[PDB]
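# Examining the three-dimensional arrangement
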Amino acid sequence: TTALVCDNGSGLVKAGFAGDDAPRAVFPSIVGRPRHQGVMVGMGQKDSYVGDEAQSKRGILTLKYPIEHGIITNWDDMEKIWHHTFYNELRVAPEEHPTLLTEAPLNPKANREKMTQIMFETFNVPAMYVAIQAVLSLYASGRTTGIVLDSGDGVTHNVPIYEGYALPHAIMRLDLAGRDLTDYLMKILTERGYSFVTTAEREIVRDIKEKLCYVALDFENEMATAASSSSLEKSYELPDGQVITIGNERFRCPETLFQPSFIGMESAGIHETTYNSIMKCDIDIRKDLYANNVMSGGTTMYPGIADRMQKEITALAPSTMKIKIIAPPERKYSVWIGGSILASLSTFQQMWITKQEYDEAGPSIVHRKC
Amino acid sequence: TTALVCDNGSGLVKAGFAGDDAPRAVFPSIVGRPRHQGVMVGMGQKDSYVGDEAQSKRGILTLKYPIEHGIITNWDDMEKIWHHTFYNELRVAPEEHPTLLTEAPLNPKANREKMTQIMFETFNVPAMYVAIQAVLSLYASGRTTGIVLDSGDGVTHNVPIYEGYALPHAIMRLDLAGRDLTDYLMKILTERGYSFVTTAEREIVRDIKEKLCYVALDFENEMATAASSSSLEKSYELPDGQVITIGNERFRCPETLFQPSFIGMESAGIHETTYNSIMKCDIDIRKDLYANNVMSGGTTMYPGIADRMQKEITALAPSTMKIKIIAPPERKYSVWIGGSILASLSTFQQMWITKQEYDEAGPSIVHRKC
Amino acid sequence: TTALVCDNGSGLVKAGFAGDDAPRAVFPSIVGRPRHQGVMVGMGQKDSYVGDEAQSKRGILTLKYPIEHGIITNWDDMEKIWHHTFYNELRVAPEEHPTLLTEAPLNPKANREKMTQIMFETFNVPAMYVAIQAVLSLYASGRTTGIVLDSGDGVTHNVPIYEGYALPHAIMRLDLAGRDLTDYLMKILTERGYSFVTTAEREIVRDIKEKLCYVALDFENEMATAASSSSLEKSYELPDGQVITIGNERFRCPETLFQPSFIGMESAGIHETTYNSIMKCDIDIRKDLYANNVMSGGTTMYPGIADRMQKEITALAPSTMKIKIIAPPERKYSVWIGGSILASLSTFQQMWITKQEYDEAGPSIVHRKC
Amino acid sequence: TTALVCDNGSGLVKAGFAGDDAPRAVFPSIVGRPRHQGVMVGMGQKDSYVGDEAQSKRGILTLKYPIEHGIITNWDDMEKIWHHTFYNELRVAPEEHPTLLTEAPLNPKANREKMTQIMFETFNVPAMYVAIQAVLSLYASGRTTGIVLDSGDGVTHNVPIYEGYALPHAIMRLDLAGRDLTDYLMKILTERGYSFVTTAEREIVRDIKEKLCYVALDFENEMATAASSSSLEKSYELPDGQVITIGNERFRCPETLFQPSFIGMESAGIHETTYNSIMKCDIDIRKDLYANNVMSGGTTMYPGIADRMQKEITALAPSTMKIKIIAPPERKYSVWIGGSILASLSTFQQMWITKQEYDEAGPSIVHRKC
Amino acid sequence: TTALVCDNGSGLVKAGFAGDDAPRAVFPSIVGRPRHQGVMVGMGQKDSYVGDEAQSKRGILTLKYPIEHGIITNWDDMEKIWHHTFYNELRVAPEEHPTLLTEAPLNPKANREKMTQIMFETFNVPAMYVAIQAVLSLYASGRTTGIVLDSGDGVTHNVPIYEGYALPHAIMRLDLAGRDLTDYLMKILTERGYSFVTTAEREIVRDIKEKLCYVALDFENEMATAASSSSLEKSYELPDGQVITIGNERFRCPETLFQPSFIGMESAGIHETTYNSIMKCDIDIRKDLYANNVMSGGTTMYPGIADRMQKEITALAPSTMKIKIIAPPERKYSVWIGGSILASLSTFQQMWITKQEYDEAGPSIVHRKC
Ligand SMILES: Nc1ncnc2c1ncn2[C@@H]1O[C@H](COP(=O)(O)OP(=O)(O)O)[C@@H](O)[C@H]1O
Ligand SMILES: Nc1ncnc2c1ncn2[C@@H]1O[C@H](COP(=O)(O)OP(=O)(O)O)[C@@H](O)[C@H]1O
Ligand SMILES: Nc1ncnc2c1ncn2[C@@H]1O[C@H](COP(=O)(O)OP(=O)(O)O)[C@@H](O)[C@H]1O
Ligand SMILES: Nc1ncnc2c1ncn2[C@@H]1O[C@H](COP(=O)(O)OP(=O)(O)O)[C@@H](O)[C@H]1O
Ligand SMILES: Nc1ncnc2c1ncn2[C@@H]1O[C@H](COP(=O)(O)OP(=O)(O)O)[C@@H](O)[C@H]1O
Ligand SMILES: [Mg+2]
Ligand SMILES: [Mg+2]
Ligand SMILES: [Mg+2]
Ligand SMILES: [Mg+2]
Ligand SMILES: [Mg+2]
């Protein structure tokens with residue numbers, strides 16, 4: 001009866017039933033093969049470790065993400081993570097409840113085809129559907145009008161949606177996301193005397209960026225304050241026991257979202273892609289899209305990103321237009337919230353692709369249906 | 001008991017009961033099909049949108065006019081607009097009150113035949129009548145003598161009417177109207193750096209022409225003032241937030257009414273067709289037609305069109321004759337005013353074509369009756 | 001008690017009571033049917049228009065004269081004009097006052113019979129009488145001796161009358177009158193660039209001939225003056241506003257009265273028919289008829305017609321005889337003046353044909369009585 | 001030695017030498033100024049285009065007729081057409097061969113004066129003559145007795161001619177001709193959905209009337225056949241590629257020749273003007289004029305016009321009289337045939353007005369001579 | 001003596017002398033600022049790179065087009081490109097030979113004014129002229145009649161031209177051109193696993209579209225062949241060494257020329273705008289415009305675009321009309337060919353705007369002259 005919604009993101013896998021507020025299953029999407037020979041005999045040494053067990057034993061593992069910027073690079077570990085979150089995390093079978101998968105727009109069709117094939121052949125689900133992460137994150141907002149700024153761990157994409165009709169010709173996609181921010185933070189933290197080279201360590205930098213990084217109102221004056229005094233510096237407690245003192249890196253690595261020239265990308269920052277997509281949209285819907293900029297994803301959780309997004313957009317947009325940046329306090333899981341509120345809808349229950357519909361169509365039904 | 005009068009114009013549909021001063025229902029006559037796929041599920045997405053709901057959601061629609069220059073191009077959307085203005089706008093049934101339709105002279109008989117067939121078969125009205133827009137606009141003037149300058153959104157026509165006997169052999173018809181003026185304004189506004197290509201945008205140009213365009217007393221001196229200084233330029237507030245600065249376009253696009261060589265037409269302007277029709281009329285009625293030039297329609301609402309019409313006519317007419325241009329302040333709906341004052345007349349109540357009269361006659365009773 | 005005198009002429013109907021100087025009712029004798037369909041509903045549109053209401057609304061009517069050259073062509077409109085001048089113009093009933101009708105000599109008996117039948121059957125007058133227009137126009141002169149030159153709109157006739165005994169064997173009749181002059185003026189005005197084809201327009205030419213045409217003392221020298229210079233040309237104010245410049249047409253179309261070869265008639269001019277009738281008269285009354293040439297009718301109102309008539313007659317008559325042309329200043333209505341002065345006479349009151357006399361006699365009493 | 005005969009008609013200019021059967025030069029009499037700026041440089045763009053070159057390039061021109069209903073409205077283009085037909089069409093000089101011009105009766109003297117002045121001053125012809133179109137069209141018939149029904153493109157006139165003596169007092173002139181028929185066809189073709197507004201298009205309607213229009217034996221029964229079935233409708237191949245389906249318009253627009261109330265004229269049809277002119281003629285020549293009704297002009301080329309003219313005339317004329325309608329198969333150029341057969345006559349060679357005769361007389365010799 | 005013709009297009013700058021067949025100077029119109037700091041010292045690092053040097057060093061540059069859809073967005077780089085093509089490419093001075101510039105119709109007057117000001121103030125040319133690209137591309141065809149389908153890199157416009165007189169009221173302009181096709185190809189190539197985000201890469205997609213894209217005879221059957229088998233797929237050699245396998249994208253992105261709904265535009269495809277402009281033209285020139293559809297520009301170089309244009313036009317045009325699509329093998333530079341054949345014309349040598357003419361007129365002489 002109930003439906004499963006599985007937000008297979010690049011950094012986290014939010015999986016839970018339909019009709020509830022919060023996702024019950026949340027864990028990093030990495031698999032870890034044992035790095036060392038393992039002299040001790042017995043104790044249940046396994047070939048792989050998924051999620052929290054990998055996070056706890058990350059010292060002797062070699063963590064890696066199966067999903068790049070949205071595309072699934074490796075498939076065996078992806079279906080392994082799916083089997084894990086289905087059996088060892090939710091303790092349910094896929095043959096009973098329909099599953100709901102999410103993806104980013106401007107996605108290779110091979111990824112969706114392999115998703116459908118894996119879901120229908122290995123697990124044999126009665127029905128499923130492949131929605132868009134940004135559209136669901138807009139559902140969670142309760143409204144139907146406004147452009148969505150969805151930026152997760154691997155991809156940042158924006159799609160403007162009017163009063164039910166979205167604009168596919170203005171869908172912008174930026175490969176700059178949280179993983180690139182973590183890489184830039186690792187690259188700029190070596191200038192302080194802290195080398196993070198290995199994948200296992202990189203997670204420490206990820207947590208440091210998650211709980212110590214913020215976006216400045218403006219770059220120049222915050223640098224001037226960084227240059228003068230240590231009033232800005234703050235210390236962190238490392239798992240090994242040492243302490244580090246980061247200064248301008250607290251707001252320099254989040255600035256890459258607005259100035260991609262730091263990691264080398266030529267793409268316009270997240271504050272300019274939205275304005276360019278709205279300027280590519282229709283001239284009557286711009287008044288409604290300017291005052292509705294729905295943000296989602298874990299990357300939009302920095303303290304002060306909403307204020308800078310606002311300021312930049314009213315700097316780009318005309319003065320008479322008013323800019324509003326909807327910053328929900330549960331925007332980290334807004335995609336899952338939208339999927340769960342979508343799965344309970346009665347009108348949507350008819351457009352699930354079913355096995356009986358899938359047999360004659362093959363793995364190509366997903367493009368024509370979704 | 002009461003009778004419905006429905007001025008199914010090319011740009012607006014003025015619909016209301018009989019015996020009242022103002023039409024209660026006024027909205028643009030366009031239907032809009034959804035342009036984009038519509039990813040959001042639910043919320044009441046419809047196949048079409050008529051009138052003000054189309055004007056509000058014109059961003060995602062593709063607006064189009066079912067009526068060209070007076071002829072009804074598409075019939076399904078026309079009867080859809082009729083059903084809309086009957087049920088969702090007036091909340092009345094056509095089976096009870098008789099309806100009154102209007103049309104322009106020199107009209108194809110197929111249009112009137114299809115009008116009668118749709119009104120008698122789909123709605124099954126007890127009685128109806130097809131009058132002429134200019135004759136009704138003259139009724140609204142309270143007088144019976146004078147030529148009528150009726151120019152709406154699709155057609156401009158002139159018919160001289162004496163003390164009850166009109167002259168059908170002098171009925172002039174000009175395909176130049178407000179839609180052509182809007183097209184010319186769109187064509188000449190690209191020279192300033194503002195491209196309006198799509199139908200939805202074109203409505204913005206229509207409102208700009210409605211509330212920023214005027215007709216000059218003479219073209220040459222106003223151009224000389226346009227050439228020298230910006231004393232003439234005025235800014236406009238666009239819905240997107242931007243501002244535009246129009247100069248000579250304020251009086252260049254309304255000049256097409258008097259110089260059709262701008263949009264390419266070879267027809268004499270609205271100031272020469274009236275004089276040629278009066279010169280085609282009888283030699284004793286010219287003295288009464290020269291001093292009575294009743295104007296109507298929304299196109300005759302430009303500031304200064306009455307003065308230029310006067311000046312041009314006394315330039316064409318002999319000097320001893322005096323020219324008067326009746327410019328009523330409610331000439332935008334003068335056709336509807338005349339229809340409503342006509343429907344209350346007791347003598348007219350006998351010449352409605354009824355269903356019992358329509359059965360044996362077929363759809364050809366309208367030509368012999370009206 | 002009082003008696004009605006009704007001069008039912010070809011161009012005008014002079015109707016009034018007896019014993020007064022001027023006729024109170026004067027209007028053109030034409031009926032006008034509506035030419036156009038008449039789209040406007042109501043306002044009192046009528047089937048016909050008689051007299052001044054037809055003259056005012058002549059633009060949309062098709063005027064026509066019921067009386068040709070003296071004979072009544074159509075009878076329904078004639079009795080309609082009679083009913084009009086009796087009820088809507090004089091506001092009196094024919095059943096009370098006796099009516100007096102006039103006619104031209106050498107008239108078909110059917111016309112007088114139908115006149116008597118209409119007056120006695122439709123209106124039921126107590127008494128009536130059918131006199132001769134020229135005899136009454138001679139009464140108005142106060143004298144009893146002299147030939148009468150009566151020329152109205154349709155017929156020109158001359159009857160010499162001695163000291164009470166008229167000569168019926170010398171009654172000449174010429175079908176050349178004002179209508180033929182108007183037709184000739186219309187035919188010769190097209191050579192200047194002014195086309196008058198329709199009946200309504202023709203009235204404008206009639207007024208132009210009434211107030212701009214004169215008869216020359218001699219044709220040759222006036223042509224020589226017309227040929228040289230524009231000293232003769234004069235302009236006219238048309239009702240439409242235009243102006244025309246007529247030259248030799250001011251005295252060419254009135255010359256038809258003396259040279260009938262212009263409109264094609266073979267009849268001797270009005271200056272030769274009088275001389276031929278006097279030469280057909282008795283040899284002792286010629287001395288009294290030569291010095292008494294009473295003129296009447298509206299056609300004899302041209303400036304200079306009296307002088308030319310004189311000159312022509314003394315050119316035809318012997319030198320020892322003296323020629324006099326009585327040109328009264330009220331000769332336009334001289335027939336009505338004579339009828340009114342005749343109706344007051346006591347001796348005439350006995351010879352009215354009465355209904356009681358009419359019953360047994362039928363419509364043939366008029367020939368034996370009058 | 002040879003003489004030029006130039007029938008400067010309202011729609012066509014038939015020009016050729018004398019003594020031959022057919023006119024070598026035939027082309028429409030219109031001049032066309034270039035309507036558009038003409039971006040292409042070179043190629044021989046000219047200020048005007050006359051005749052067939054205007055007909056071929058009528059798309060970018062604005063055609064107009066210098067001759068109205070017989071009067072020459074504009075003189076510069078008229079003398080331009082004369083110079084064209086003299087030099088670029090016949091390749092002859094006017095100084096050598098005498099020219100013969102034609103005109104309609106009841107013509108303004110200014111037109112003939114300007115004709116003579118242009119022919120004697122600009123071209124300096126040795127001699128010329130201004131004849132009448134109907135008299136020449138009667139010459140072409142080989143007989144001398146009979147009334148002529150000459151109806152071209154601008155004027156329809158009738159003049160009865162006996163055994164050498166014509167009757168100028170019975171010359172009727174009707175302004176209804178082929179141009180008015182084309183205008184009526186354009187006005188009544190808009191009821192089928194085909195709008196012809198511009199002058200260039202109007203020529204297409206002219207050809208449609210020339211090769212698809214006929215006159216019915218009677219109006220009522222042909223309408224009854226038009227009302228029932230499409231057995232009457234016929235399609236036409238437009239130059240643009242489209243096809244049209246005309247029904248009752250094939251015989252409705254030619255009916256205007258007999259019922260002028262369609263275009264609004266009050267004049268009696270061509271079947272009543274002839275009878276009224278014959279009834280205005282002499283009573284002994286009516287027997288010879290009834291059996292001789294010579295028709296000419298291009299307007300008399302409709303299939304069935306002869307039969308309807310016959311039927312109408314024997315309906316108007318007495319029964320004992322026999323009516324004959326001479327319908328020659330070359331009546332389209334009968335005026336030119338008569339001019340050419342007239343120019344070869346030896347007796348006519350003496351009455352040409354010569355330059356030596358023209359010097360002292362001025363431009364007024366034409367009225368006294370012709 | 002010789003004249004310079006400079007086709008400053010949106011994607012390429014064809015510059016060469018007059019009187020020769022091929023343009024000697026051809027290079028992309030982009031400027032590239034150095035993206036990276038440039039650690040190496042010396043070697044001639046420059047602030048900008050224009051044309052082929054930018055194409056060779058595009059890896060470290062950020063290419064951008066100064067011309068949008070025809071309008072010049074940035075002026076400093078535009079005059080820089082002009083100075084480059086004048087000095088570093090042709091090695092000539094502008095002060096000696098007159099220059100000829102081209103532009104698209106329906107162009108903002110500010111662009112032409114700035115063009116004239118830059119050419120007369122910075123370079124001080126003796127004379128110049130601003131022609132239209134489509135008119136020149138028609139000159140290159142050697143004929144004068146036919147509509148031109150000019151579609152370059154930024155704008156597609158159509159102007160019908162008759163035998164020297166063009167029709168400015170039927171000039172259609174479509175903002176869909178090769179740049180939009182390249183953007184659509186980049187958007188649809190991400191579905192195969194190849195992300196092109198940066199401007200430098202986009203040139204690789206441009207070359208892929210130039211040498212691997214074709215237009216199908218019909219969309220449906222070619223999709224059916226694309227769906228079934230890889231018989232359609234073809235590989236490409238990337239500069240980095242990798243190979244790509246494109247399938248339906250070979251004919252899907254060129255279909256945008258006929259179905260603008262792919263990139264979101266509401267404009268009718270290039271096959272419908274031509275038919276709508278011809279239907280807006282005159283009815284006599286349609287027969288000559290249907291059989292003459294001159295194509296030009298680099299976008300019209302796809303294999304099979306001529307056949308599809310033909311088929312679509314005979315599908316829209318009537319059947320009796322014959323459609324011809326002139327597809328010249330040098331239509332990529334047809335505008336330059338026409339400019340060069342135009343500059344050698346003797347008649348055109350008089351209408352160059354000169355400095356002495358420019359002084360008193362200011363930068364506004366270009367509108368009144370060209
Ligand atoms: N409190 C926080 N502040 C800043 N960044 C955060 C915070 N929490 C998570 N993130 C970043 O957001 C990313 C998670 O993205 P997520 O929303 O899970 O993407 P997806 O929905 O595609 O799985 C992490 O990589 C982390 O770097
Ligand atoms: N205030 C105004 N000034 C100038 N033009 C106007 C104004 N209001 C309306 N119009 C023009 O008049 C047109 C409406 O014509 P309308 O009178 O409704 O025709 P119809 O009676 O046939 O419906 C509109 O297209 C608009 O361009
Ligand atoms: N002032 C005038 N000068 C010249 N002609 C006139 C004048 N007034 C009237 N007429 C002519 O006289 C005619 C009127 O004739 P009228 O005497 O009324 O005849 P009847 O007595 O038979 O009615 C008119 O047709 C008009 O043409
Ligand atoms: N075959 C035809 N059938 C009917 N009408 C025709 C035909 N040919 C020509 N006409 C009409 O006749 C007119 C030509 O008149 P025409 O005899 O040339 O007058 P004119 O002699 O004064 O030049 C044209 O306008 C055309 O409408
Ligand atoms: N062989 C080809 N096949 C398809 N498209 C081409 C080819 N060559 C060039 N193009 C396209 O044509 C465009 C060049 O347009 P061009 O004719 O130079 O415009 P302009 O004349 O305005 O400079 C390029 O952007 C390219 O995409
Ligand atoms: Mg995400
Ligand atoms: Mg209207
Ligand atoms: Mg009288
Ligand atoms: Mg003729
Ligand atoms: Mg180009």
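- Method of determination for the deposited model, per the PDB record: cryo-EM, at 3.5 Å resolution.

## Notes on the pattern of salt bridges
- Tallying each qualifying case throughout the model produces 96 salt bridges over all chains.
- Residue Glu 233 of chain C pairs with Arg 192 of chain C through a salt bridge whose shortest N-O separation is 3.8 Å. Placement of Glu 233 of chain C in the loop between α7 (219-227) and β10 (234-237) and of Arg 192 of chain C in the loop between α5 (178-189) and α6 (199-212) is noted, with a sequence separation of 41 residues between them.
- Taking the relative accessible area as the measure of exposure, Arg 192 of chain C reaches 29% and is therefore partly exposed.
- A salt bridge links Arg 206 of chain D to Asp 207 of chain D; its shortest N-O distance comes to 3.2 Å.
- With relative accessibility at 17%, the residue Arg 206 of chain D sits in the buried group.

## Notes on the interface of chain E and chain B
- The partner chain B presents 12 residues to the 11 residues of chain E that form the contact.
- Counting each side, the surface lost to burial between chain E and chain B is near 870 Å², with a carbon and sulfur contribution of 49%.
- A per-residue breakdown of the area chain E buries against chain B is headed by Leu 106, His 169 and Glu 266 of chain E, which together make up 56% of the total.
- For the interface between chain E and chain B, the tally reads one salt bridge.
- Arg 35 of chain B is the partner of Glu 266 of chain E in a salt bridge, and the nearest nitrogen-oxygen pair spans 3.6 Å.
- Seen at the junction of chain E and chain B, the total is four residue pairs in polar contact.

## Some remarks on the interface of chain A and chain B
- Listed per partner, the contact involves 27 residues of chain A and 25 residues of chain B.
- Taking both sides of the interface into account, the surface hidden between chain A and chain B amounts to around 2,300 Å²; carbon and sulfur atoms contribute 62%.
- By the criterion of area lost to chain B, the three top residues of chain A are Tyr 165, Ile 283 and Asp 284 of chain A, representing 33% of everything that side buries.
- Counting the contacts that link chain A with chain B gives four residue pairs in polar contact.
- Of all the secondary-structure elements, those providing two or more residues to the side of chain A that touches chain B are α4 (133-140) and α10 (286-290) of chain A.
- For the side of chain A that touches chain B, the leading source of residues is α10 of chain A, giving three residues.
- Considering only residue class, the side of chain A that touches chain B consists of 17 nonpolar, five polar and five charged.

## A short note on the site of ligand 4
All names here are of chain D.
- Around ligand 4 sit 16 residues in total, of which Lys 14, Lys 209, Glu 210, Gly 298 and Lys 332 are the nearest.
- Residue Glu 210 places a main-chain N or O atom 3.0 Å away from a nitrogen atom belonging to ligand 4.
- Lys 332 is positioned with one of its side-chain polar atoms (N or O) 2.6 Å from a nitrogen atom of ligand 4.
- Taken together, the residues that form the shell around ligand 4 break down as three nonpolar, seven polar and six charged.
- Residues from two domains meet in the shell around ligand 4; each of domain 1 (2-30 + 67-130 + 333-369) and domain 3 (132-177 + 267-328) gives at least three.

## Thoughts on helix α3 (residues 109-121) of chain B
- For α3 of chain B, spanning 13 residues, the distance from its first C-alpha to its last is 18 Å, which sits close to the expected 18 Å at 1.5 Å a residue.
- Of all the positions in α3 of chain B, only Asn 111, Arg 112, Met 115, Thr 116, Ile 118, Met 119 and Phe 120 of chain B are classed as buried.

## Observations regarding helix α11 (residues 305-316) of chain B
Residues and elements named next belong to chain B.
- Spanning 12 residues, α11 covers 16 Å between terminal C-alpha atoms, matching the ideal 16 Å at 1.5 Å per step.
- Taken together, the buried positions of α11 are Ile 305, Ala 306, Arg 308, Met 309, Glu 312 and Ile 313. Seen from one end, α11 has its buried residues packed into an arc of 165 degrees, which puts them on one side.
- Of the surrounding secondary structure, the elements contacted by the buried residues of α11 are β7 (146-151), α7 (219-227), α9 (270-280) and β12 (293-296).

## Comments concerning the domain arrangement of chain A
Residues and elements named next belong to chain A.
- Looking at the assigned domains, one finds that chain A contains domain 1 (2-30 + 67-130 + 333-369), domain 2 (31-64), domain 3 (132-177 + 267-328) and domain 4 (178-263).
- Taken over C-alpha atoms, the centre of domain 1 sits 27 Å from the centre of domain 2.
- Residue-level contacts link nine residues of domain 1 with 13 residues of domain 2.
- Both faces considered, domain 1 and domain 2 share a buried interface measuring about 880 Å² in area, 60% of it formed by carbon and sulfur atoms.
- The interface formed by domain 1 and domain 2 contains zero salt bridges.
- At the junction of domain 1 with domain 2, the criterion picks out one residue pair in polar contact.

## Quick notes on the site of ligand 2
All names here are of chain B.
- The immediate surroundings of ligand 2 are formed by 16 residues, with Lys 14, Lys 209, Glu 210, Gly 298 and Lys 332 found nearest.
- Residue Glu 210 places a main-chain N or O atom 3.0 Å away from a nitrogen atom belonging to ligand 2.
- Note that an oxygen atom of ligand 2 is positioned 2.7 Å from one of the backbone N or O atoms of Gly 298.
- Residue composition of the shell around ligand 2, by class: three nonpolar, seven polar and six charged.
- Two domains each put at least three residues into the shell around ligand 2: domain 1 (2-30 + 67-130 + 333-369) and domain 3 (132-177 + 267-328).

## Let's talk about the arrangement of the chains
- When C-alpha atoms are compared, chain A and chain D, though not in contact, are closest at a spacing of 36 Å.
- Between chain C and chain E there is no contact; the minimum C-alpha to C-alpha separation amounts to 35 Å.

## With respect to the packing of α5 of chain C against α6 of chain C
All names here are of chain C.
- Close contact between α5 and α6 brings their axes to 9 Å; oriented N to C, the two are set at 105 degrees. Regarding the angle of α5 to α6, the classification is roughly perpendicular. Side by side, α5 and α6 meet where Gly 178, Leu 181, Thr 182, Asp 183, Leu 185, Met 186 and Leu 189 of the first sit next to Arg 202, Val 205, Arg 206 and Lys 209 of the second.

## Some details on the sheet that holds strand β8 (residues 156-161) of chain A
Residues and elements named next belong to chain A.
- Reading across the sheet, the four strands line up as β9-β8-β7-β12 and stay open at both edges, with mixed pairing between neighbours. In this open sheet, the two strands that pair with only one neighbour each are β9 (172-174) and β12 (293-296). Each strand of the sheet is rotated relative to its neighbour by a mean of 15 degrees, with strand direction disregarded.
- Pairing analysis gives three bridges linking β8 to β9, with the strands arranged antiparallel. Counted as the bridge partner of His 157 is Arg 173 from β9.
- Each of β7 (146-151), β8, β9 and β12 is contacted by helix α9 (residues 270-280), which is oriented at about 145 degrees to β7, the strand it contacts most.

The rules we used
- Residues numbered from 1 in each chain as written, not as in the entry; some residues may be left out.
- Chains lettered and ligands numbered in written order.
- Heavy atoms only, no water.
- Salt bridge = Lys/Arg side-chain N within 4 Å of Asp/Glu carboxyl O.
- Helix = DSSP H or I, 4+ residues; strand = E, 2+ residues; numbered from the N terminus.
- Buried < 20%, exposed > 50% of the residue type's maximum accessible area, 1.4 Å probe, protein only.
- Contact = heavy atoms within 4.5 Å.
- Buried area = accessible area lost by both parts, 1.4 Å probe.
- Polar contact = N/O pair within 3.5 Å; in protein donor to acceptor, adjacent residues only side chain to side chain.
- Nonpolar A, V, L, I, M, F, W, Y, C, P; charged D, E, K, R; others polar.
- Near = heavy atom within 4 Å.
- Domains from an automatic or database assignment.
- Expected span 1.5 Å × (residues − 1).
- Arc of directions from axis to C-beta.
- Axes fitted to C-alpha atoms, helices over the stretch in contact; angles between N-to-C directions.
- Parallel < 35°, antiparallel > 145°, perpendicular 65-115°, else oblique.
- Pairing = 2+ DSSP bridges.

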